[PDB]
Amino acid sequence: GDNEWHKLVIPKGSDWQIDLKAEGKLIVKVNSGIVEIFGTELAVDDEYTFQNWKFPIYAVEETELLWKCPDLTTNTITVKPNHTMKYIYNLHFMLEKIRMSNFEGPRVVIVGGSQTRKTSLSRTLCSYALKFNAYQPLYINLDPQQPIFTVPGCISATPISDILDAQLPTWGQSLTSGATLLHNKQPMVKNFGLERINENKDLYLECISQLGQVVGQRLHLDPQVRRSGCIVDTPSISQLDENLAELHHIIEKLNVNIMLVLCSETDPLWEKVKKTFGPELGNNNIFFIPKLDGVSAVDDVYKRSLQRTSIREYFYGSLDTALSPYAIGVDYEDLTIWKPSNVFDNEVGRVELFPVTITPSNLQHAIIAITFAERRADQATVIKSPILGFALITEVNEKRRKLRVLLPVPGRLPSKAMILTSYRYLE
């Protein structure tokens, strides 16, 4: 280990594979060349800082850089040639042709097994869409376990209006009240709340229906976003039904016209997709992408760490973007919390909510969604209501019937109906 700066030459066409664990802090300063973290180019002579995530730094051109990391040494650095970037560029340029020629931009869905179609493919295409003719594609995340521009348990639609944060596993951040180096994002968020699609499939499908509706409205009113299309990420094939009925719903609600399949040529998924979606999309519009290099498999401990990181980021910001959340004390009487129907609590999960009893077992360290609906609003209104943001219930005091609530925005406690998520955060 060491706290000094070390020189590294990444040859053209290679990935510098980084796996930072726990308390690992890495600073990179590029001297010459073109390097990219999922399509986002690192500016020369500018210091980039990374913490507790795994990613590849791709060398577009032979690159010389300096790096500082005590958890790394010159003799244990992993630099290996990437032979699959060709597949991504060929795809991007095909999409770029559709944005220039056609009446509207393409609406691309990414289907597959491993989450290497996520980040890797999605993020690069998004970074690349902005790179040549300044498009603003709508990035749509349908995997609620994956926190992108928000907290976990959400499905989202975010226009990629400017460069992503190469330093962050979360791609970047939503708008702030002040001044930032990078322009932040303005996402549309739908709260699923539960940890897994299986927990309430009907609710996951209502979320998609709701996001689809607003996406349509945005595309109708926004020429630039309509001219650029959509890039849609889905949950793992394993997480969905055998019939893939959920993809039919996604395709209908999101008006998908192109499908990208990530598997091997031995995988039966390819023919299944061709048979199932071909009659709707047309086979000419279904594409095969082989196993992409650079991206290494991820465990549940890494997933749990990533979920924690995004929750802190929502309230406190990133390392170079210090934000001030606001803590308030409230009486039990001042909150109206609902809980979604789920397989565990209710045997079969339906599109319905249940009132929550203010108990430390129920609400301590809980992430709560704040809706636009009034406290007195009925169940059916609450479930259809847009999300204002999130809050964290820090402490629940039983004797003096009070709660400590952390808000992202300093000011008043919103007098709105709230929804309890399966997500927890301590500190």
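Don't overthink the numbering: it's just position in the shown sequence, from 1.
Of the two stretches examined, 336-344 and 318-326, the record assigns the greater average C-alpha temperature factor to 336-344.
For the pair 260-268 and 277-285, the mean B factor over Cα atoms is greater in 260-268.
Set against one another, the Cα B-factors of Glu242, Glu252, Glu206, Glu96 in the record reach their highest point at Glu242. Across the options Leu142, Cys126, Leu182, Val356, the residue with the most elevated CA B-factor in the record is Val356. Among the modelled residues of its chain, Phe132 has a C-alpha B-factor that falls in the middle third according to the deposited record.
Split the chain's modelled residues into thirds by C-alpha temperature factor. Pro70 is in the highest one. Looking at the C-alpha B-factors along this chain, the one for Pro81 belongs to the middle third. Annotation for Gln210: CA B-factor lies in the lowest third of the chain's modelled residues. Annotation for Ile37: C-alpha temperature factor in the lowest third relative to the rest of the modelled chain, per the entry.
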